[PDB]
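Enquirer: Okay, handing you the structure first.
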Amino acid sequence: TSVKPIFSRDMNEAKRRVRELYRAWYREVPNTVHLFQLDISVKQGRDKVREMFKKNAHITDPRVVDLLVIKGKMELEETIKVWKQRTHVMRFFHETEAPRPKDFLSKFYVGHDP
Amino acid sequence: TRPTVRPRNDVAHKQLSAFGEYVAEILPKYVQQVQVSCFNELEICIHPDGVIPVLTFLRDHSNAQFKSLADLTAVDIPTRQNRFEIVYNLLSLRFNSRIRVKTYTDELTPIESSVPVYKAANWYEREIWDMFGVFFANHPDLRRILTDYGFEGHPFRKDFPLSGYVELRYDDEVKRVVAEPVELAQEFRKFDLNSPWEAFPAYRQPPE
Amino acid sequence: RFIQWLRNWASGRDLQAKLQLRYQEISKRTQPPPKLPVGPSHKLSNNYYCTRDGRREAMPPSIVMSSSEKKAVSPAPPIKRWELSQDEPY
Amino acid sequence: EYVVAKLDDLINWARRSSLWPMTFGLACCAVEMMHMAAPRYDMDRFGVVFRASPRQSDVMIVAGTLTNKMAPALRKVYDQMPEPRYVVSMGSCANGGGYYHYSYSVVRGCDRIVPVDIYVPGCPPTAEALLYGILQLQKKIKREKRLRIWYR
Amino acid sequence: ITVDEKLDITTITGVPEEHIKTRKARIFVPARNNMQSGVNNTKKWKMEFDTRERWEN
Amino acid sequence: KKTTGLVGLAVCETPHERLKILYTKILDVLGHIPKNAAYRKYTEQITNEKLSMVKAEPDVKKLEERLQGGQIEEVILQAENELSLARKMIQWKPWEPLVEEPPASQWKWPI
Amino acid sequence: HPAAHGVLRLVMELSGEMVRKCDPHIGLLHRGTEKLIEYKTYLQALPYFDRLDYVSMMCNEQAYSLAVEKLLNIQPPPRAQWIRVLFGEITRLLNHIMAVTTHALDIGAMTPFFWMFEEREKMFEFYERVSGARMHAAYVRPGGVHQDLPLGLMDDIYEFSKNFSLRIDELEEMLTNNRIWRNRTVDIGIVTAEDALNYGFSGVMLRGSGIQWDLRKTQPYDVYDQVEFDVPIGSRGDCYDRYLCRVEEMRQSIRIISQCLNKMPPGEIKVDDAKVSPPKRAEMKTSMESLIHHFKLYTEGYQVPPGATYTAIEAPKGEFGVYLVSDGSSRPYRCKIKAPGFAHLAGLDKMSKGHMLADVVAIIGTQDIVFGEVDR
Amino acid sequence: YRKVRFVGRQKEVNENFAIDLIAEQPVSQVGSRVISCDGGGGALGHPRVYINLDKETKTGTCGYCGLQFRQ
Amino acid sequence: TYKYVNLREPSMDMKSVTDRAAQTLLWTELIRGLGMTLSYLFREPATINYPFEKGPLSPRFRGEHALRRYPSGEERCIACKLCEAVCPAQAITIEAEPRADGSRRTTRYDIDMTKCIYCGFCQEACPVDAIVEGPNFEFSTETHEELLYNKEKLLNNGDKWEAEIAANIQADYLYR
Amino acid sequence: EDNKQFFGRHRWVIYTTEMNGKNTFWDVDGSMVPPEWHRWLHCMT
Amino acid sequence: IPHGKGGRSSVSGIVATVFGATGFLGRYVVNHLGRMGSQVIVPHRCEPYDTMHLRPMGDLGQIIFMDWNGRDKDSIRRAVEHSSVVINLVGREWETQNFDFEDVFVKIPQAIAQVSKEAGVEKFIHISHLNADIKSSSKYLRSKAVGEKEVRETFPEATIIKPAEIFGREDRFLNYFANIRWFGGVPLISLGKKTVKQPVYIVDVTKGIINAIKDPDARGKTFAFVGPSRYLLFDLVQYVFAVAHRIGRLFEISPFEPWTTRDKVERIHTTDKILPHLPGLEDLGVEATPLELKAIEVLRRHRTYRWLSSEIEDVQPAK
Ligand SMILES: NC(=O)c1ccc[n+]([C@@H]2O[C@H](COP(=O)([O-])OP(=O)(O)OC[C@H]3O[C@@H](n4cnc5c(N)ncnc54)[C@H](OP(=O)(O)O)[C@@H]3O)[C@@H](O)[C@H]2O)c1
Ligand code: SF4
Ligand code: SF4
Ligand code: SF4
Ligand SMILES: [Zn+2]
């Protein structure tokens, strides 16, 4: 592997960097719930964040984790400020979309092998 | 040959031959291929470590000013073992000449950004980040330009199919304007226009 | 009339290049049937492909690349300056 | 009766005597609307004054091309308009999107956001088939609010 | 410098949605639409994906 | 003159001896680059042909010809920044041989 | 509302009354352009360059046809070059009517908008008589002009263009020696340094401030060397003396039109060798060899050899460049457009600091920003 | 199932048909071997094609021309 | 070459300052400037009175679609599939079938009037000279369900006039 | 048709009453014209 | 028959016919049928403009509009000919000054239980209310029980629905309260004895239908909709003022669309929590929604930012 990294070196500065920005998002859940005038319960906004970080824990490599940092670092520009007009935030909460079957027999009635 | 065929000249075909001969002679740390385009233009292949210096050599000098950055672009190419292709382009305002800087790269390998050498490439580099995913290093302001706040595909590359995934709509189920899975009302027919017989003999690939 | 010379005491005076072409000097139509020639080597016995060859020109000629008292030659002779265009340059 | 249904020969005439259009000039069909406000096919003073503010307008005219990043800013502006509001889409991109119907970043049709009354087709319609478009909108106003409270 | 040599398999994720595990790709050599006889249509390995439903609008 | 042509520059002040300082200011620096580079071999040649035309001849206008810079304040700035290139040219080493050949099939365009 | 009629959302952390920080947001009209030309042929994807500006109609497609003729090794025939100049120097009386009127409508003058568009409709007449249509004409092809212009247009351009110098003699008395408009525009937005070239600007907001250069008489296009004209320069570096290029270029474009009516050789229009041009309708209807090159030039396109290229013309606000990588078959590879708005609007944040907020709307009009061309 | 879209819409459909309006033509006769039909007038209509009229029992309407042609 | 504009100093003497100080103080501009250039209202206004008067056009104009047919009818189309291969916007949708007489024709023919970008590429690709951009901008229907065209709309729309269209093409086929 | 003393407003038409199921005079839509005056009203020949 | 994903622009087999469909209850149904996609033939009475916000629900050719008076036979026998299901929700509040109000719940659900029944429809559905009892209340609440009884004669298997009281988004039930910025807040009648009812959430009642519209085997088995958790108190009226912190009518105003100094003050306080042996909502699964989550949204007065919500209720007793 002959390529320079982005920020980290090996497995330790990376896995303290990802723990840094989690304390930003944990602080900046109960701000946007009134900064956009959106009416839900505040514990919903904290459940989505602790859901989202456990998704990517299958990585065995540096600078891939560092790539996800840059996306995670960027969103705190728009979210902590007011650049999303109430609608780009609420797309994480799929309220409209109908539930998927996800079990074998219910797929077999409706749909040609999804 | 005849009318309605472009007349060439050997003047610029000799001068731009002779000029960029010694851009490989005096920086042989970075420049690894130079070739002359048949329509009197210059290409110069540069290893991605020499992203800043060979610009910086050009940026000010007595023999090659090249003080205008016309166009920064980027091309993606699968089957190359190093995907992308960053192509710089400059303008000698004292001399009326062009030269292009073709630096190859990859996704994960960063490129040292040309922000300090030219302040023209501030917006030409936030853009390429959005459209391919090249991470230009130490950029003073990296953001999201020309895309929506929900795209995660970097769509101008070959893996993003033409219509997106997120075809949008409205409903009165609350008040919002909400996304959906993509749902076309026509197939988008894909025609086939690539006809055989190999009409071009000059550009012919080696036989194998 | 009194409304005519009042337009002549104000904003110059033209009376010939009026805005609307609604008056005379306006072109009506055109009569003839048009006939258009076909000139550039359309004919026979000399005018002929493989001499006409509007394509099939070679690849870009590469110069010496990888795998002598040069006088530091510029890409071109530098730009000589311009005139000042004697119509009314100031 | 003859008393009540006569009154909508005034209110449905007052509502069609002066429309105040908002416009969304976004793309090439902005310019071919501005020639209608240019005094050849002069838009104003054939009944309908040109542009005003979003609080005061009756009948908006969508033009141009609606991407993703304009879709919420349309619907917000449509809300502030009053109750007797109407929507006209000109242009062949607010009808199913011109071309760019197949590219990722276009709301495919602009009826998917608002309910639109009169569709006017043509890459730029010639400001000649747009006065014919709005003179179809005035002919649409033959409705009555009488014989609604007087029937049910 | 800081060239930090190691070996780990490059696998990327996040960009599509669910079509990673649902769809198996297919690499093939195209072979000569036989109504004619020119062989320039060969010589390039391609890939192409699965076909799914096409109903009627 | 009071207008320097290109706005953003200024006529301040002296030609014909502001230049000849800045050529020989670089020639001291130009001697330092460890001589097997072709960079010294050309850059020494372009300044000597310059200054042999420069020092020391009237008019102001005649120096514009035979040394094809622009107007005289801008002719300063062609050589003013070549100094700023020159001290950077020691730092990295262009004169060293080639590093990291690309993997033998990258610059072959029709795929 | 209409600061460009409904686009350009920008944030301004204004320092009390001055701005001192300004950072706009583009992408409200993106449409997916450059992704979508990869799935078309050359002739078929031509009317998406016409829609890439708004108001330049024949100035775009002049820099697409010229960027494909280079790849083909074909020149256009001689009459096909004196048509392109009679149109490519008549759209420079349309892009400069708009930049001197809608600028002066944002400021607040009412009539010269109405006073010029009433006159402008004598000139959208001329597109309809030649191509067929009102604004977006698919006329220029990669082998010259589509078809011949009718019997006429030389007694009707001549009646028009002999009476335009009075209409431009009205704006001189509306605006130039006017005091309030001179007060609204002097010494405002003075970006003049070699940071006004490090930003990579094209023309005016160059040459109107200093550096004399333009690509019409330092490079050729066409038979375009055979006309004579001068290129107006500015003295100081502000908006009022990059305004005065646009008033002065419109007088010089009348000279290049009146020099173009005298010189047109009669002859053909299409490139003759028929692998690029389609043949006549009275030709594909008698002979046999004409269908095989009429039919197959409409199922698939041409065949163009590989290798990249780049070019530049003088669009009436800047450049227009195409980096058109062609692979070697009927559908092209990447087609990267260079347009202004990347240079002309990245250099607003330098230009705006120190002045008021009501100076900022005065700045933007002089760059002549047309959106959909920030889709570069 | 489908016919509800034109309830009170009058269902505007074609009136004349050219499914067979060929047959009212007085099919032309020549007494020759091969004839041209650039039918519909010169420089308009379909391109010129040469038909053999020797058999049972007509040329074959040129493939393009539609009009019944014979000897 | 060159030209210099706004590069001139003032005179700055005793005479011409009073010429300029009569300007700023007693307004020799701004009344002689624009109290006279505006009025100048005494020209005749140029307004097309639209429901009765209509504006000029040209015999190559683009607009509503049509399908012509021969002298005594043949439905001039032959379903040769070119007007659908060079629509840039993929509007046309043709599905042929061997008709019972032996000559081939269409069954379905569909032109969207919304994806129609109005090229003139259908008009010029046709060998048998059938599908013609007809010269009538009369439009403005009220439903998106309507602007989709079938085959048996276009013929009706193409036989509402052919005295209009065939006067146009006979004038203009001599160039193309 | 006027006295050739105009252009654009020199070919004015009049409508009368109830072409094919219309009102008295208070509905004129402009599409009532026969498809022959399209060759004339629009100054196309 | 169905095809593909049911997101939009699919077929989904069914061809409904939803009468009414302009009011708060009828509109919100059609929104969920303009998603899965189906020929939802909606006829309307006299409203060209008031139905315009219904069109961006049917994709392209999904919905279709017709006019119909209701008393005439064939005006409702022309739309019911091509159908699969047909549900009814027609009706109103107070007697109008043109109609008779008595047989409007008797003959008019029978006027669409006419040859509509004969022509070949199935799964015909009517509505009920949890308080419509033939005991002497009320002029509206009974004579709905006539519609429960006198229309049950025809179509002996319907699955007539009996929803609870509804709170929603644009409703009238809860909105009749907190619109009493007035010279006093007078409860009914200065007592908190039987308050409150079961305020079921309107998304559940429009989710019960679309799970019953292809259930299958739900015909004749009438259903009754469970409400929130759990009963409620008079604290409701105090809870409404807790967070609040104190169509096609006419051209200017409609002078009579009143608050009804009549039965309406007691048309809602007669509670009658009916038979819990009705199946009636959870078996028509799956939906169970409280009040204290969806209570912030529809209550909206002049503070508009600061809520600081903590107001709640225990169960109340007899839970
Ligand atoms: N389940 C419950 O909790 C509950 C509560 C209250 C009322 N309801 C009753 O259940 C249904 C719910 O309707 P809703 O909540 O949406 O309120 P709604 O205002 O009654 O809407 C129902 C529609 O029926 C229309 N209508 C009234 N009389 C009509 C007639 N003779 N012919 C045709 N249409 C007539 C109404 O006006 P238009 O004619 O203009 O369309 C209205 O659009 C109604 O029948 C209602 O009386 C139920
Ligand atoms: S497609 Fe039509 S509406 Fe869209 S930009 Fe082009 S001309 Fe304007
Ligand atoms: S008009 Fe021509 S291209 Fe179109 S279907 Fe008929 S034959 Fe084919
Ligand atoms: S005008 Fe052009 S885009 Fe429209 S149908 Fe004809 S060929 Fe297709
Ligand atoms: Zn024939």
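Labels for the structure tokens follow display order: chains A, B, ..., residues from 1 in each chain, ligands from 1.
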Quick one: residues within 6 Å of range 159-168 of chain B, only C-alpha atoms, excluding same-chain residues fewer than 4 positions away - as a ChimeraX atom specification?

Expert: /B:155,179-182 /D:102-104

Enquirer: Give me a file of those residues, with N, CA and C atoms, as a PDB file, in the first residue's frame.

Expert:
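So the final result, stored in selection.pdb, reads:
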```
ATOM      1  N   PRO B 155     -22.494  11.799  -9.438  1.00  0.00           N
ATOM      2  CA  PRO B 155     -23.214  11.149 -10.543  1.00  0.00           C
ATOM      3  C   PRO B 155     -22.532  11.165 -11.895  1.00  0.00           C
ATOM      4  N   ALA B 179     -39.498  12.215  -0.950  1.00  0.00           N
ATOM      5  CA  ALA B 179     -38.858  11.359  -1.936  1.00  0.00           C
ATOM      6  C   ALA B 179     -39.647  10.063  -2.082  1.00  0.00           C
ATOM      7  N   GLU B 180     -39.141   9.156  -2.916  1.00  0.00           N
ATOM      8  CA  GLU B 180     -39.807   7.921  -3.306  1.00  0.00           C
ATOM      9  C   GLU B 180     -38.773   7.050  -4.008  1.00  0.00           C
ATOM     10  N   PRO B 181     -39.029   5.770  -4.253  1.00  0.00           N
ATOM     11  CA  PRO B 181     -38.188   5.040  -5.198  1.00  0.00           C
ATOM     12  C   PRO B 181     -38.510   5.481  -6.611  1.00  0.00           C
ATOM     13  N   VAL B 182     -37.539   5.297  -7.507  1.00  0.00           N
ATOM     14  CA  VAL B 182     -37.628   5.865  -8.851  1.00  0.00           C
ATOM     15  C   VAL B 182     -38.692   5.113  -9.641  1.00  0.00           C
TER      16      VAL B 182
ATOM     17  N   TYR D 102     -35.165  12.470 -18.606  1.00  0.00           N
ATOM     18  CA  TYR D 102     -34.530  11.226 -18.231  1.00  0.00           C
ATOM     19  C   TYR D 102     -33.292  11.415 -17.377  1.00  0.00           C
ATOM     20  N   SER D 103     -32.885  12.649 -17.106  1.00  0.00           N
ATOM     21  CA  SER D 103     -31.703  12.908 -16.296  1.00  0.00           C
ATOM     22  C   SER D 103     -32.111  13.061 -14.844  1.00  0.00           C
ATOM     23  N   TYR D 104     -31.153  12.837 -13.942  1.00  0.00           N
ATOM     24  CA  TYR D 104     -31.470  12.578 -12.543  1.00  0.00           C
ATOM     25  C   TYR D 104     -32.033  13.789 -11.815  1.00  0.00           C
TER      26      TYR D 104
END
```

Enquirer: Which residues are close to range 80-91 of chain A, i.e. within 7 Å by only C-alpha atoms, leaving aside same-chain residues fewer than 2 positions away? Reply as a list in words.

Expert: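 Skipping anything fewer than 2 positions along the chain leaves residues 28, 36, 76, 77, 78, 93 and 94 of chain A; 149, 176 and 177 of chain B.
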
Enquirer: Selection from above, C-alpha atoms, as a PDB file, in the first residue's frame, can you write it?

Expert:
```
ATOM      1  CA  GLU A  28     -26.909  19.029  17.960  1.00  0.00           C
ATOM      2  CA  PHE A  36     -36.703  24.269  12.050  1.00  0.00           C
ATOM      3  CA  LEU A  76     -22.435  19.820  10.473  1.00  0.00           C
ATOM      4  CA  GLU A  77     -22.045  22.844   8.232  1.00  0.00           C
ATOM      5  CA  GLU A  78     -25.561  22.597   6.813  1.00  0.00           C
ATOM      6  CA  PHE A  93     -37.330   9.371   8.476  1.00  0.00           C
ATOM      7  CA  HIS A  94     -39.153   7.375   5.793  1.00  0.00           C
TER       8      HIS A  94
ATOM      9  CA  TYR B 149     -28.348  17.870  -0.336  1.00  0.00           C
ATOM     10  CA  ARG B 176     -44.021  17.920   3.026  1.00  0.00           C
ATOM     11  CA  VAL B 177     -42.346  17.327  -0.343  1.00  0.00           C
TER      12      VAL B 177
END
```

Enquirer: Any idea what the distance is between CA of residue 59 in chain G and CA of residue 88 in chain G?

Expert: 5.5 Å

Enquirer: List all protein, DNA and RNA residues that have any atom at most 10 Å from ligand 5, counting only C-alpha atoms and all ligand atoms, and write the list as a list in words.

Expert: residues 35, 36, 37, 38, 39, 40, 41, 45, 46, 47, 48, 49, 50, 51, 60, 61, 62, 63, 64, 65, 66, 67, 68 and 69 of chain H

Enquirer: Output C-alpha atoms of each residue in that selection to a file, as a short mmCIF file (atom, residue, chain, number, x, y, z; two decimals), in the first residue's frame.

Expert:
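Done, and the output landed in selection_14.cif:
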```cif
data_model
loop_
_atom_site.label_atom_id
_atom_site.label_comp_id
_atom_site.auth_asym_id
_atom_site.auth_seq_id
_atom_site.Cartn_x
_atom_site.Cartn_y
_atom_site.Cartn_z
CA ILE H 35 -42.55 1.34 -65.59
CA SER H 36 -41.40 4.08 -63.20
CA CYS H 37 -43.62 5.40 -60.41
CA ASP H 38 -42.35 8.46 -58.57
CA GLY H 39 -46.00 8.71 -57.66
CA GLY H 40 -47.50 11.97 -56.49
CA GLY H 41 -45.49 14.29 -58.70
CA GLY H 45 -43.63 11.40 -53.01
CA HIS H 46 -41.69 8.19 -52.80
CA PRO H 47 -38.42 7.59 -54.68
CA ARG H 48 -38.41 6.14 -58.18
CA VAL H 49 -38.54 2.35 -58.32
CA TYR H 50 -38.87 0.16 -61.43
CA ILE H 51 -41.50 -2.58 -61.25
CA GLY H 60 -47.81 -4.64 -56.71
CA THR H 61 -48.30 -0.92 -55.81
CA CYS H 62 -44.49 -0.39 -55.80
CA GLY H 63 -44.20 -1.23 -52.11
CA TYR H 64 -44.47 2.50 -51.46
CA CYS H 65 -47.08 3.82 -53.80
CA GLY H 66 -50.20 2.09 -52.53
CA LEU H 67 -52.11 2.74 -55.77
CA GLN H 68 -52.98 -0.42 -57.70
CA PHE H 69 -50.73 -0.50 -60.74
#
```

Enquirer: Compile the contact shell of residue 71 in chain F as a PyMOL selection string: residues with an atom at most 9 Å away, counting only C-alpha atoms, same-chain residues fewer than 4 positions apart removed.

Expert: chain F and resi 4-6+61+64+75-76

Enquirer: Could you list, as a PyMOL selection string, all residues that come within 10 Å of ligand 3? Count only C-alpha atoms and all ligand atoms.

Expert: (chain H and resi 46+64) or (chain I and resi 66-68+75-86+92-96+105-106+109+122-132)

Enquirer: Output the neighbourhood of ligand 4 as JSON, numbers by chain, that is, all protein and nucleic acid residues with some atom at most 8 Å from the ligand, counting only C-alpha atoms and all ligand atoms.

Expert: {"I": [83, 84, 86, 87, 88, 89, 90, 91, 92, 111, 112, 113, 115, 116, 117, 118, 119, 120, 121, 122, 123, 133]}

Enquirer: Which residues, written as a compact mmCIF listing (two decimals) with C-alpha atoms, in the first residue's frame, have at least one atom at most 12 Å from residue 9 in chain H, with only C-alpha atoms counted and residues fewer than 4 positions away on the same chain left out?

Expert:
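Below is the file that was written, selection_15.txt:
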```txt
# COMPACT_ATOMS: atom_id res chain seq x y z
CA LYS H 3 -63.97 2.24 -21.46
CA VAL H 4 -64.65 4.65 -18.59
CA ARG H 5 -62.17 7.31 -19.75
CA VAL H 13 -61.91 8.80 -33.69
CA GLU I 146 -54.66 15.08 -23.58
CA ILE K 64 -61.46 10.85 -13.12
CA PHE K 65 -64.22 13.33 -12.25
CA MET K 66 -67.98 13.26 -12.81
```

Enquirer: Please extract the residues at most 9 Å from ligand 1, counting only C-alpha atoms and all ligand atoms, and provide them as a PyMOL selection string, using the chain letters and residue numbers of this document.

Expert: (chain D and resi 148+152) or (chain K and resi 19-28+44-47+50+68-71+88-94+96+99+101+104-105+108+127-130+140+144+161-167+171-173+200+205+247-249)

Enquirer: For CA of residue 201 in chain K and CA of residue 174 in chain K, quote the distance in Å rounded to one decimal.

Expert: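 Between CA of residue 201 in chain K and CA of residue 174 in chain K the gap is 11.5 Å.
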